[PDB]
């Protein structure tokens, strides 16, 4: 240890039996950009047990936040799911990630396409003032299997527009598009299937993807990433990086182990 920050959990909210979010303290020296992740975990037998976790809290927040999965036989989240208020967690002090604005070229629209816990890094981005200065429209797409998996759906819809600080920009510039596959919901199907049929653009009121206006940030399941990456690359969109800005950047919400 000592390469980590000791933070204290301040709030825990369990969305389902597999999804829960918890907030912690934020070290005064901990600094990050919206869309980055860190090594988050526990101190086990004097050794760090950490996994990659996107920072779901705003960089303006005096605190951290993590949108976490709950795996029964998972080394970290089986102990991490039983977190309580006041418990100690360790966060690495070196953020890293590809979900940065500077990895994208200046555009008119930012399409945040996410599934499951891939909403975590975009909860920080939509709660960043800079994304609304750089992009006229921020489209936050969240794909889940059940309605109960739509975490933060009342916060983004009802409480984020009332933010004393980002409210008028979230009201004007943020578009929130949740979709559910396996339960009756007002939006059905995979987010890829909504791109092929064009229902995504009919619902959000924006034209189809073009190389001049639309930038994308992808953070979801490997099967959504590989399917949306083929969709984006075959229309001409290129992947951006630190050395070469592009139209879309991609981060894994998890890996299949």
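Residue numbers count along the first chain shown, from 1.
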property	result
200-208 versus 64-72 - which carries the larger mean C-alpha B factor in the record	200-208
Entry-level comparison of average CA B-factors, 40-48 and 228-236, reporting the higher stretch	40-48
Chain-wide C-alpha B factor ranking for residue 253, given as lowest, middle or highest third	middle
Chain third (lowest, middle, highest) by recorded CA B-factor, residue given as residue 122	lowest
Third of chain Cα B-factors occupied by residue 140	lowest
Chain thirds of CA B-factor: placement of residue 112	lowest
Ranked against its chain, the third holding the CA B-factor of residue 146	middle
